[PDB]
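In the authors' numbering, the protein residues as written are 700 to 1040.
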Ligand code: NI
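Written as structure tokens, this is what we have:
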């Protein structure tokens, strides 16, 4: 049974609600982004209208085989009427094709559903500037002040400088980057660009990337692993055992691995600056965990909510414990008392 925080009142709509069977009253199912916790339950046998971005709809058609007649792609930043209700999709600054959804209810209520997002001051000049929001369905993944991490640009600067140094010292080093979903593509694309290489990967991963409308992608990626000095591997293989095994397969072309694991936040963020990050090393293998987030930090979240001034907040993450819920509610009230709304 579908939980309340996935339903949009006053409509026939649900958000990210595909794992509950046929939801009573639902005439259109919205999908914010192509991450498995959110698409859980979609497959080629789905027969109700799915509304989403163009990129999400490429992934549904080619990776999940959803039939074309049930996929309804909407342009961004454009007022659209769906089953008699005005909606807008906005870029969520999450993974490729991820959106926030603005719903203009027939009674005058305005609802923003963030999906998953990384709040940014650029959102203060989208179509959100123009009107009041009554209800905010909020991605609360990192809603506590201990959750700090650097900008994506500082993280990428670290990665490119680390990779370029290592490979200039040893031209026979291979770089490997872990992946298990879409998102975070700038990590491996920025490192390959500084090294003058295409990125090499499995046919399954190449297929996924080919759905993402990235400019000039054919110039940036390949399935010919032998021609590439930046490889992608599943995240589960980014360990000393799995990397040893990979280095054997490369036919003595390489004699060292430098590997990256983009994580979200880890507790080493509560002590160490990005500049001071060091790898774990065993012989000719080194592994860097880098804090590349596609979710809001606490400060970024707070800034966004204090600017938007919603009347009511409904969290969509960390909802399963009373301690989490109470924590989140306390910070919402602080934010409102501090800013005066
Ligand atoms: Ni996500």
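C-beta atoms are modelled at their ideal positions from N, C-alpha and C, and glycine is treated no differently.
Taking the Cβ atoms as the reference, residue 791 lies roughly 5 Å from residue 814, within the contact range of under 8 Å. DSSP places residue 1035 inside the alpha helix (DSSP H), whose first and last residues are 1021–1038.
By the Cβ criterion, the segment 888–895 is not in contact with the segment 1010–1028, since fewer than three pairs of Cβ atoms, one from each stretch, lie closer than 8 Å.
Proximity annotation: the ligand NI has residues 734, 815 in chain order, each selected because its CB is closer than 5 Å to a heavy atom of the ligand. Residue pairing by DSSP places residue 975 opposite no residue, since no beta bridge is assigned to it. Contact check for residue 776 against residue 835 fails: the beta carbons are separated by 8 Å or more. Taking residue 770 as the centre and dropping the five residues before and after it, the same chain places the C-beta of 749, 751, 756, 759, 760 closer than 8 Å to its C-beta, in chain order. Counting only the Cα atoms, residue 886 lies some 8 Å from residue 876. In this structure, residue 1007 and residue 809 do not form a Cβ contact; the two beta carbons are roughly 11 Å apart against a cut-off of 8 Å. In the three-state DSSP reduction, residue 706 falls in the strand class (E or B).
Around the CB of residue 974, fewer than 16 other CB atoms lie within 10 Å, so the residue is classed as exposed. Pairwise C-beta distances place the segment 791–801 out of contact with the segment 932–948, as fewer than three of them are shorter than 8 Å. Under the rule that a run must span 4 or more residues, no alpha helix (DSSP H) segment is found entirely inside the segment 837–867.
DSSP places residue 870 in the coil class of the three-state scheme, outside both helix and strand.
Taking 8 Å as the cut-off, the beta carbon of residue 929 is found no closer than this to the beta carbon of residue 950. When only Cα atoms are considered, residue 934 and residue 970 end up about 25 Å apart.
The Cβ-Cβ distance between residue 958 and residue 986 falls below 8 Å.
Taking every protein chain shown into account, the CB of residue 995 has 16 or more other CB atoms within 10 angstroms, so this residue is buried. The alpha helix (DSSP H) runs lying completely inside the segment 900–943 and spanning 4 residues or more are 902–909, given in chain order. Listed as beta-bridge partners of residue 875 by DSSP are 930, 958.
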